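Naming convention: chains lettered A, B, ... in sequence-line order (proteins, then strands); numbering from 1 in each chain.
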Number of protein chains: 2
Amino acid sequence: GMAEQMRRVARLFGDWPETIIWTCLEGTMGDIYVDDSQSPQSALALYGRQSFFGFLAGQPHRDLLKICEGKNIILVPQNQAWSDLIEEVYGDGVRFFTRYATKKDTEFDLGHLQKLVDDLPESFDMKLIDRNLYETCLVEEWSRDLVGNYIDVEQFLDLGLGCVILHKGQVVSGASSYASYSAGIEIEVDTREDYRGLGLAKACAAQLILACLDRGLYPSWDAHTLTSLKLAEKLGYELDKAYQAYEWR
Amino acid sequence: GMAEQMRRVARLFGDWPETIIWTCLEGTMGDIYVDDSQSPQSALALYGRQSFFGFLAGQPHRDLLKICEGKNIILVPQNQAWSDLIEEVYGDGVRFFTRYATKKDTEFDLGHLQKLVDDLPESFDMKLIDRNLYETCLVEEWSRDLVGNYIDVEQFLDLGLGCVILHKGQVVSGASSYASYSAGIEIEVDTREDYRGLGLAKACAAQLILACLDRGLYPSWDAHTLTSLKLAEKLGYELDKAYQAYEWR
Ligand SMILES: C[As](C)(=O)[O-]
Ligand code: NA
């Protein structure tokens, strides 16, 4: 039946430790597309609402790539074969770049993380994202990914977790669940354009990691850039490996 | 996609606190069948290997009943519309009977449970089911459901949990996981005919519950008979409601 079919699909991804894939495969958020629901040899774990991720596994297949078209999406190939089809089909219509996966067995230095939180200057107020702050994070574009992948505020409060810094009554930095899975969250951090250079996103992240641990959740980091990897390293994460990714040109 | 369709199917079952339905919808064990992949209005949560449950949700649909035919199965209708279809289609070919659901918010008296375990006479030996006892349970029809729903010993040891009472070197009673879900198990208790009426079921049930609680698992009880309900009440469970069930005659 349907459940057996999904078990087969999960095998196409195998041991691919990207928590967003786990989200899609677990069933509550994200979605899964295949070449043939009856005899699946190709799969896509598609996740997001404004920004997206498309993890492509199994046999390279053109139709799954078409699903990803027209979206503010990061395509992640399982292997060179997927990358080859992506380049073959879209050529200049796609932009190759490199992301950095971190190990999922992180040992965190709590004193260090609490220190980062504690060092925050006097006028900056750290808060957990609640019902009202959820909506606040949706107001400006810079902060939307902190909560925008959740269907509504209720799904965020139920399944998400985040924390924001306020300064003079405005949210100016945040760290929150870009996605959630059964045992953790995938972290997103953001700082407003006019509040750079103050270590705000590091402080938020420190706080979110502590809140995750306090709740027995694993806080996952997957870096979009080297600068992002450098910050993860300061938080206690270690690089797993650099990996191929693509975006539409 | 596939995960969205599975979310739609799950809604058909709604708030139905039977853990085997949870097993089937979580994705690891059991399976799910529907009238229409794209427009699901009727669904079947089917679980088992030697004995089975068929939980039927949504609009009554005769094709889902057909999937249950020729199996050692308990059919559980979500509603009276399903019951009416079952009776109409099969007439004297189904036996109608009442099972008793228990509340899932049980407060167990650990002291009481341990006393029941302690009261097992020295003549009897209580043991957790291991690789060898797994095989012993499968050999007799009376004990096979203690472990038989798992694909093999490896799956049973990984996801299941159970214990047995031995006397003169033979397994004479046992309490084990008929099924498992993310946060618990569904209990199966059995006693060999010649050893009934000696309080053995109560002792192994008490031990299993204690084993569950110790591991943070919820030990669920769904009573096949009033006698089973009365046992559950001694163990701390409280009746939720009597409900309709069918078997093939
Ligand atoms: C063996 As029973 C606890 O399902 O009546
Ligand atoms: Na699941």
Side-chain angles (χ1 to χ4, degrees), chain A residues 182-183 213-217, chain B residues 16-26 28-30 47 53 99-114 116-121 124-131 133-134 137 143 145-150 153 155-166 171-191 198-224 227-229 231-233 235-241:
Chain A
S182 61
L213 294 179
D214 172 46
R215 290 163 181 71
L217 299 164
Chain B
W16 194 346
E18 286 286 1
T19 82
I20 290 160
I21 304 170
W22 307 343
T23 292
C24 295
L25 295 173
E26 291 181 349
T28 302
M29 301 186 71
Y47 177 90
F53 278 81
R99 287 178 57 100
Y100 303 86
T102 69
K103 295 191 180 179
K104 305 305 170 192
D105 61 1
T106 319
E107 294 170 32
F108 294 109
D109 178 346
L110 305 183
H112 163 60
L113 293 171
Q114 189 63 56
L116 296 176
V117 168
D118 291 343
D119 294 347
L120 188 71
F124 298 87
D125 271 283
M126 182 140 60
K127 289 184 145 175
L128 285 169
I129 294 165
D130 58 8
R131 182 174 299 272
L133 290 170
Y134 170 92
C137 287
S143 56
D145 290 341
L146 292 177
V147 308
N149 291 303
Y150 292 77
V153 62
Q155 199 188 50
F156 176 80
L157 289 178
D158 187 32
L159 307 184
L161 181 65
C163 70
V164 294
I165 282 166
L166 282 49
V171 169
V172 301
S173 187
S176 182
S177 50
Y178 185 87
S180 306
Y181 65 103
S182 53
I185 63 166
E186 189 73 82
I187 295 183
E188 168 72 11
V189 182
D190 290 296
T191 301
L198 309 181
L200 299 186
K202 188 180 70 196
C204 50
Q207 180 76 290
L208 179 55
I209 290 168
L210 286 168
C212 281
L213 296 183
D214 181 68
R215 295 158 169 74
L217 302 172
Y218 175 71
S220 175
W221 197 285
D222 198 65
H224 187 59
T227 292
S228 177
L229 173 60
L231 174 45
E233 288 168 338
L235 295 167
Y237 299 94
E238 290 180 13
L239 173 70
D240 174 4
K241 59 172 280 191

Kindly compute the distance separating [atom1] ([X]) from [atom2] ([Y]), expressed to the nearest 0.5 Å.
| X | Y | atom1 | atom2 | result |
| --- | --- | --- | --- | --- |
| B:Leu229 | B:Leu239 | CG | CG | 5.5 Å |
| B:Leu113 | B:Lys202 | CG | NZ | 12.0 Å |
| B:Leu120 | B:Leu198 | CG | CG | 10.5 Å |
| B:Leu235 | B:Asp109 | CG | CG | 11.0 Å |
| B:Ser180 | B:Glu26 | OG | CD | 10.0 Å |
| B:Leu25 | B:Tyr181 | CG | OH | 13.5 Å |

Shortest non-hydrogen separation from [X] to [Y] and the atoms involved:
| X | Y | result |
| --- | --- | --- |
| B:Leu210 | B:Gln114 | CD1-OE1, 3.5 Å |
| B:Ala203 | B:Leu116 | CB-O, 3.8 Å |
| B:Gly174 | B:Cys204 | C-SG, 3.6 Å |
| B:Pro17 | B:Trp22 | CA-CZ2, 3.7 Å |
| B:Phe108 | B:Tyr218 | CE1-CE1, 4.4 Å |
| B:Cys137 | B:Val164 | SG-CG1, 4.0 Å |

Residues which pass side chain to side chain donor-acceptor pair (under 3.5 Å) with B:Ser173, listed by chain and number, not counting sequence neighbours: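 Expected list: B:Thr191.
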Listed partners of B:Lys104 passing side chain to side chain donor-acceptor pair (under 3.5 Å), at least two apart: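 B:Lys104 satisfies side chain to side chain donor-acceptor pair (under 3.5 Å) with B:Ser220 once adjacent residues are dropped.
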Can you name the residues that form a side-chain contact (heavy atoms from CB on, under 4.5 Å) with [X], not counting sequence neighbours?
| X | result |
| --- | --- |
| B:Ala211 | B:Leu161, B:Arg215 |
| B:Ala179 | B:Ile20, B:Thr23, B:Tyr47, B:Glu186 |
| B:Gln207 | B:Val117, B:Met126, B:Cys163 |
| B:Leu157 | B:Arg131, B:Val153 |

No-hydrogen, no-angle side-chain donor-acceptor test under 3.5 Å, B:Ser228 and B:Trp221: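 There is such a pair (donor and acceptor under 3.5 Å, judged by atom type) between the side chains of B:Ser228 and B:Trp221.
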Any side-chain heavy atom of [X] within less than 4.5 Å of one from [Y]?
| X | Y | value |
| --- | --- | --- |
| B:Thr102 | B:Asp240 | no |
| B:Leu208 | B:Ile185 | yes |
| B:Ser176 | B:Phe156 | yes |
| B:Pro219 | B:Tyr237 | yes |
| B:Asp222 | B:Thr19 | no |

Check: B:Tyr178 main-chain N/O paired with B:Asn149 side-chain donor or acceptor under 3.5 Å: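 It does hold such a pair.
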Close aromatic pair by centroid cut-off 6.0 Å: B:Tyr134 and B:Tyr150: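 Between B:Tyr134 and B:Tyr150, the centre distance exceeds or equals 6.0 Å.
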